[PDB]
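Below you'll find only one chain, the form deposited in one PDB entry, shown as structure tokens.
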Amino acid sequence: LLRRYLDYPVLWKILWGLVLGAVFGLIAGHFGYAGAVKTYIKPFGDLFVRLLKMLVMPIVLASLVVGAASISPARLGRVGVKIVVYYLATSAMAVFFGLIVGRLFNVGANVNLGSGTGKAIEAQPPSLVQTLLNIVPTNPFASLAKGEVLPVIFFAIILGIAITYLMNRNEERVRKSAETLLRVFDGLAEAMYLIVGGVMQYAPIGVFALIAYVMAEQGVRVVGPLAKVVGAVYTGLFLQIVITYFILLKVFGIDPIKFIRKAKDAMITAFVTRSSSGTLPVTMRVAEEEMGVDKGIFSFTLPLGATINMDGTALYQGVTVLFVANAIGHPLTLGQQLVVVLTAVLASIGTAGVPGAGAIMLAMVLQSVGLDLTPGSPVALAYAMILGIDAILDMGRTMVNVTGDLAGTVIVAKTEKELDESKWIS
């Protein structure tokens, strides 16, 4: 197994590791070894989750610069508008679908938390203008060294536009200086893609361990409200993939049933790794090999959509907010519905392509809309039972995130006439 392992195709490796981890977790729960797997196996899962975070800031700083500097600034404006309007519209529709399914399945209806009416009057703090300001970084190095991906995306796009303006300057000193800066960033982006492709070789172990621990420990609590919220979130993600992307691809002229069988390379790799930004190379190659989108369009829309376009995270937050609110004996309202429609999206735009950041930004959206939790509050008792099925729904959440990443680049490229129609026919 010295190289039979490392040579095996990484997709089938992860897809095998997932099922082995599932069966092994169920068996370790059976034989009663929950603590055993929590002590001896989970450290490798945590190592994987920590490996998938050194590949978020370098790969979003050095890939946006190279993507935005490799486009004419006018085409960059046009493509960026066409793709950001799509990201926002689809995240909005995702939250809408999440709220619909959360109302339909009646998520968390019989939780029996003993909390009749905790708190709902603080539903509307969602500072909008302050966030649209916070996109701009008061200090770019602070936004890098603190973990905020949206300010560093803004600064990286600005730097890319500046470099592509420099590379057309009369002097030769500034021309070569800007070319060298762009080459530094190109080298960094490529080195990060290579490190990600190397971490993926360890992924068939660090996802084995993660799902082994999840199955072992929380394989029994998915019976009532938890099974209902899992069913709700996954039916919502299915509804999204079947309605939103399919309508958007049919109204433009892209066979959805073909787009899916083309994206099945990245859908899976994001489904099991649970990191829409650690599966970025597979997306940036499945959007160029199969779908044929030009290197100009995807190389900027995908490194941006990998972090700011999270339809699945929007949907998961929209469903779990309704869950935790029905868990405190007082559902949302119409006003609270639209408050979520905005706050969940303004949180999706922020959360990074990290395994299990949806839970953190979910706690954030709760601390926004009324349900403020203290370390002993009933809202906290309700939200704490979500981090159990965290992974079991994070998988589908990330799958929909990446599928949406792909069906936006395809739309933009089909509009811009940069879609190789020779690839879209059999």
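Superpose the two forms; the largest set of C-alphas matching within 1.5 Å is the rigid core. In this text, residue numbers run from 1 along the sequence as written.
Although not depicted, the form deposited in another entry is the subject of the following passage.
Undergrad: After core superposition, I'd like to know whether residue 155 moves between this form and the one not shown (criterion: C-alpha shift of 2 angstroms or more).
TA: The answer is yes; the displacement is at least 2 Å.
Undergrad: C-alpha of residue 45: shift of 2 angstroms or more between this form and the one not shown, rigid core aligned?
TA: Shift of 2 Å or more: yes.
Undergrad: Relative to the form shown here, do the C-alpha atoms of residue 261 and residue 13 sit closer together or farther apart in the other entry, given a change of 3 Å or more?
TA: Residue 261 and residue 13 sit closer together in the other entry.
Undergrad: Please check whether, in the other entry, the CA atoms of residue 319 and residue 150 lie closer or farther apart than here, given a change of 3 Å or more.
TA: Distance between the C-alphas of residue 319 and residue 150: longer in the other entry, by 3 Å or more.
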